[PDB]
Structures are given as structure tokens and as C-alpha cells.
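Report on one structure; see the data block that follows.
Here is how names work: the chains are called A, B, and so on, in the same order as the sequence lines, proteins then strands, and each is numbered from 1. Heavy-atom basis, side chains included; hydrogens, waters and symmetry copies ignored. Ligands are counted one by one from 1 in listed order, and the atoms in each one are counted from 1 as well.
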Amino acid sequence: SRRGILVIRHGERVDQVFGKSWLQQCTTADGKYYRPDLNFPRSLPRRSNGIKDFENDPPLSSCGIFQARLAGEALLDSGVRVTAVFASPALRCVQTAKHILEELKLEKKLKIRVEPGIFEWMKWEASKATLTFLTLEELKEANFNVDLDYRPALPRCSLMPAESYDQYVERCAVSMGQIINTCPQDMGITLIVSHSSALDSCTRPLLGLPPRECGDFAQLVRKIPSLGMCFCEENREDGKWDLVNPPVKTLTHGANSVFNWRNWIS
Amino acid sequence: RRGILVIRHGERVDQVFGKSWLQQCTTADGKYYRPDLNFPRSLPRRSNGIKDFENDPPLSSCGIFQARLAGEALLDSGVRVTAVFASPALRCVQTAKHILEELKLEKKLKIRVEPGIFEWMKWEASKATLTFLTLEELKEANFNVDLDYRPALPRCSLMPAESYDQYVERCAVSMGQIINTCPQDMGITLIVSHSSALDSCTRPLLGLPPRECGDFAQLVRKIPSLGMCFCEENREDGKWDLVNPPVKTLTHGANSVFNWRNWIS
Ligand SMILES: [Mg+2]
Ligand SMILES: [Mg+2]
Ligand SMILES: [Mg+2]
Ligand SMILES: [Mg+2]
Ligand SMILES: [Mg+2]
Ligand SMILES: [Mg+2]
Ligand code: NA
Ligand code: NA
Ligand SMILES: [W+6]
Ligand SMILES: [W+6]
């Protein structure tokens, strides 16, 4: 058998669909959560500072949960052995990981290791996002089987708001370094649930390739669909990684437009 | 207050993968595979073989998700669902089933197949080459259909090619029956059908004449999957009011075709 690394982009986020005002849309006059569209999720997990810190840490939409579940179900069907799961500290990523594991039927067996070293390039994230993350206890209370004992390659408070592209790609290389060295003897698939950028930044170091030019890289991160996947396998006898077809198919689906019949006909 | 909720079927495999979708998921000798996750995990068995899916396609995976999300929202709304009628098109019976599953009512309420609320057979892409699953086939494939329900229109009667004026009369005829089938006991009746039905199954209830064909078509083409139209009955005043549906709308984005080879290297 061949050891594998499957890098997975998170499912659809609520703010991709509902835009910058999404949080004000689902907050009642009295400050409570409600669903003004069915693509808002059933609930939000409990957090520090109430509903207000979801600002730069949006959850999956109902469609994004579906995508994540559909991919976990396909993984179950495929027969592949999944041995570890690492997630970006971003809520959307931990949730995608949770839903994949639930459909693998492994949510109890495998703990999600939260790795800030595979968080988004800080350039593209709010400066105060480092301070936005759900803590591991908050996640645990919200029913996320998070590895409380995992020691990240890059702790969340070491993320630098002004990290350059060069610094970004380096800390992804180092994180993947540690991830690969957890137990180099395991022979199943490790999941890396992260951002569009990770499908490049987390695989190129494994492939022994130089970082992509920043501009080419920026154009590539636009092209990865929700739950988009990239799969690397290690050759046992020479220790070399190669890109191969992921163990499951792509997911292609249409949009659903906003609609009100009574409005429409006036 | 007695309500009627008209609901368009979820996303169809052929909306996303085109008319050749069946070629994409079947092997030389008719074996089904799943080339993309939006193809369903299996196809039910058909009397005249898979070829019949070309004019009677199933829901995509996204369509199933849409149906289930609406069922789950209906349950959360607290409304009481009395009855469920569905068009004989496979996509409609599938949408009905998945709604009922999330309402947790699929053992309790039987789906009543009504050929009278089938699509407009002018727009319909065929001639005399459309065959629905029989009730027996549907029950075989685990749809809790009502074997004892007597339809307003028999499926054999479906005039194989129709104009606009014929379609709207038929829908009005059938809705008359459906309003008479149900016992006086209120709650909500689900009518799982096509996008054209949100107008053609409501205008007759509202005592309203049909729209000019261009005006109808223009409005109808913009109904999304699981799009809803809701009419409540004023029993003392003997007439129907078009009202806000008991569940919110569903907005989501697409997921585009991805080829890792084109990008990751
Ligand atoms: Mg084991
Ligand atoms: Mg913490
Ligand atoms: Mg820079
Ligand atoms: Mg609107
Ligand atoms: Mg086409
Ligand atoms: Mg492509
Ligand atoms: Na995005
Ligand atoms: Na259509
Ligand atoms: W992203
Ligand atoms: W349709």
C-alpha cells in the first residue's frame, strides 16, 4: 500500500452566498440567531464574545455541509483507509472535517488536529482573525472531536498579520514537514482540510517543487471549487511523492437563485 | 386554515450534465457508474431499461439535498402536513419522498401520484417516447406510493402533445379534484410538481383566468429548484388567498467543473 495526503478545500461558506452583511441578516433585533434563508445553517456554535466574533470566521452554509457530507460518503464508498485529519483553525475548515469524518463513520475514532500552520495566507485574512478562532474547548463543547493534546507546528498566536508570500510558503512547508513525520510508518490516507491556497502550498513541498510565482498562485486559488481535492502518494522505496487522481470524483452542481413568488408576480 | 403548497422538483442530473448525461454514467453494456458526485449513488430499476431515464431523469445529489432541506424546514416550521400529491415524473416522486423523509412522515403519509399535475407536453422534450415508473415499480424502489389512490387523470389519457390552453385546463380540472379528495380537515397539502405548476395549479384556485402565454413562460422560467407557492383557504368566504410560504427560500451557489491536472502540476 501507499501512504497518501489528500488536501481538501472547505465547503461553501455563508458569506460566499449572502455577502458582507450576512451576519446582520441572521441576527434578530434582540441579538439572537435565526435563519432568514434555508442556506443559513440550523445553528451557530457557542463562542467567546457571543455571535459577534463570527464576523471574520463564517460557518459553512447548508450547501457546504451537504458538500462535505457527500465527499465523506464517497470516501467511505471508496474503501480507502483514512488515518489522520488535520484542519485549518478556521471554523469552515473544522466543520468540513467534522462532516467528512461523520460520514466516514470515524468521528469518534479520529480526532481532528487543528493546525494554524495550514491557515490561509494572512494577506487575505483580517488582521484580528488570529484572535477570532474558536478555542479548542469551545469547539469541543460544540461537538467537534478536536485533539486537545496535539502540539501544532505553528501555534495560532505565531501567525503574523504581515507575513509575506515567501514566509507563507515556508511555514506551509514546515507544517507539512511535521505532519509527514507524525508516524511515517502509517499506510493510509491523511486528510488536510484547509483553504484553496493549500492545494498548492501544501503539496509542492511534498513534491520537492519550488514555490509557485505569487501571481500564478493567486490565479490558481481562484479555480478550486468547494471540497476541491488534490491527492499525493508516497513511493515507499524511494520516499518520493507524486500527484495522482484523488480517491473520489469531483462534485459539479448548479446554483439556486433567491426567490419569492408573490414578489415575482407583482 | 387549509393550505396548498406547490413545490418544484429539485435539481435534475440533466440540468447539470446535459442530455448526454446517461452516456456519461453507463458502461458499454448498461452498467451504472458515478463519474461525478452529483450523479446519484444508484438508479432505481426500470421496466423498459435505462434508456427511459433520458425522458424521465432522476434528481442529482444536490437535488436530493434541496428536497431534504425543505422537508427539514417544514418540520421545524411546525405546520401539519395532511397529504402529498406528486406528478408521475420520477424527479417529482423523488422530491416528495425526500421531503417526507425529513418531515419524518414517509411511513405515515403515502405519496399520491397524479398524472394530471404532470408537465406541459409542448415544452417537454419528446413525442410519444415518455414512460413513467408504474406504482408497482415505484413501490419496488421504496417509494411509499398510494396504490389505492384514484387519479383525476389516468396516465394513458395524457394527451401526448398539447398547446398552452390544453395544459392550463387540465391543471384546473385536476386541482378541482385534489381540493375535493382531501377531507375538510385542514393542515397543509403538498403538491410536488413542475415550475409551470406554481402558476397553473394556483390561478384556478384563486378563481383567476390563465395568463397570456408569453407572460406565463416569462415568469415560470425563473422558478428555482424547490421553489414554492402557497395558497390558503378562507372557508367562510369560500375562496383562496395566495400567501407567504411556511418556509424560507433557498439560495446557494454553484460548484464548477475542476480538473486538478490543469492547475496543480
Ligand atoms: Mg485500525
Ligand atoms: Mg486554543
Ligand atoms: Mg509579499
Ligand atoms: Mg427576490
Ligand atoms: Mg443540453
Ligand atoms: Mg479546470
Ligand atoms: Na471563498
Ligand atoms: Na428544468
Ligand atoms: W477559502
Ligand atoms: W421542470
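- Ring geometry for A:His195 against A:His10 counts as perpendicular: the plane angle is over 60°, on a 0 to 90° scale with 30° as the lower cut.
- The shortest distance between side-chain heavy atoms of A:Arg92 and A:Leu60 falls below 4.5 Å.
- Note that the CZ atom of B:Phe118 and the CD atom of B:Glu124 stand 5.5 Å from one another [nearest 0.5 Å].
- If you take CD1 on A:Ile5 and CD1 on A:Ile192, they are separated by 4.5 Å, rounding to the nearest 0.5 Å.
- With rounding to the nearest 0.5 Å, the separation of CG in B:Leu69 from CZ in A:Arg42 is 11.0 Å.
- Atom CE of B:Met159 sits in a sparse spot, with 12 or fewer heavy atoms from other residues, nucleotides or ligands closer than 6.0 Å.
- For the Na ion (ligand 7), the tally of protein N/O/S atoms lying closer than 3.0 Å stands at 1.
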